[PDB]
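Naming follows writing order (A, B, C, D, E and F), and every chain is counted from residue 1.
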Amino acid sequence: XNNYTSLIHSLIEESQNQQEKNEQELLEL
Amino acid sequence: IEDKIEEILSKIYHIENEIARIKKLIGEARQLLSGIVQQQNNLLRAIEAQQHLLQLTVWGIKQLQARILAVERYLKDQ
Amino acid sequence: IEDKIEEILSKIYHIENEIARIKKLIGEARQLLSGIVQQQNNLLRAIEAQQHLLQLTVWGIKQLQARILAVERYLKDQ
Amino acid sequence: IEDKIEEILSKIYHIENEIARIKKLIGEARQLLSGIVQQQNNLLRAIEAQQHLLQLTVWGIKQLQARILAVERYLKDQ
Amino acid sequence: XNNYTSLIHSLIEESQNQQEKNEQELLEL
Amino acid sequence: XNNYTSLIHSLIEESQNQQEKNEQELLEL
């Protein structure tokens, strides 16, 4: 076969803030 | 020589100022570059987790194929 | 003092020139860094869309498992 | 004018030194930026391969659905 | 269950040009 | 339907060293 699916929502959530952050900083350049 | 070595001073002032901000923009563009490398890993990890869950559907679908074909044979036998 | 403050001028010339290109390479390496951050999002978005379509196959495969087992039970009953 | 154009020399020395390392850090942060762009492709390629294998499970699951429903109809006919 | 599949070809296509571009620029560095 | 699965282990393996390397360099910054 929570195993891989709950690990992904995690990665993607976590991979959403960073992408949200990286762009912020990129602007403040 | 008087206001001559004055023009020098001016260029040097502006210069140190230019070398100032660049030493700051490289600061900014270094935490970003940093964060860019930590997200690449998350995405990578996500891609691995996904494949793990994908290697499983393919598995489940492979046994289904068997489950169904055995039912179909049986019904052709009577 | 004569050609002395001349050597100074030379270093400053070369310098301003060096600080020139660096102010351009940082330009180039800033739209790139920029584009690198917009693709990271696409890839991320792709990864989300994919998972959405993956959370569905797993679903479809789960009902199949049921569909098939009910057929199998039935045939064991007669 | 004596130790006056001396202070100039000092600033210029330190300066050339500052412009030295920056020309090196930009070296480091350029192979990295480089490697960051080659991995983005790998990840992208991985994402394509995955989708290819995903477009197939969905296919296999679609025929299963058919395989199973035909078996189910049949058994309802007798 | 065009829904998610046509959205992906889109993302990947779109995610192909950028990767194609980013490298160009990286060279012109 | 080794086809796509053996191509992925490849990409991910290959996509592991680079991520392992990129971080090294990032530190030596």
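We take it that contacts are C-beta pairs under 8 Å (C-beta built on N, C-alpha and C of every residue); 3 or more make two chains touch, one makes a residue touch a chain.
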Chain pair showing more contacts of the two, D-E and D-F: D-F
Recurring contact interface, reference C-E, options A-B, B-F or D-E [over half identical by residue number]: A-B
Interchain centroid distance [CA atoms averaged], subunit A/subunit E, Å: 19
Interchain centroid distance [CA atoms averaged], subunit B/subunit D, Å: 4
Sequence positions of subunit F contacting 2 or more other chains: 5, 8, 12, 15, 19, 22, 26, 29
Junction residues of subunit D - those touching two or more other chains: 1, 5, 8, 12, 15, 19, 22, 25-26, 29-30, 32-33, 36-37, 39-40, 43-44, 46-47, 50-51, 53-54, 56-58, 61, 64, 68, 71, 75
Contact pairs between chains, per stated definition: A-B, A-C, B-C, B-D, B-F, C-D, C-E, D-E, D-F
For the subunit B and subunit C complex, residues of the former touching the latter: 1, 4-5, 8, 11-12, 15, 18-19, 22, 25-26, 29, 32-33, 36, 39-40, 43, 46-47, 50, 53-54, 56-57, 60-61, 64, 67-68, 71, 74-75
Of subunit E, residues touching subunit D in the complex: 5, 8, 12, 15-16, 19, 22-23, 26, 29
Residue ranges of subunit B touching subunit F (in the complex, touch as defined): 30, 33-34, 37, 40-41, 44, 47-48, 51, 55, 58
Parts of subunit C lying in touch with subunit E, wherever the complex brings them together: 25, 28-29, 31-32, 35-36, 38-39, 42-43, 45-46, 49-50, 52-53, 56
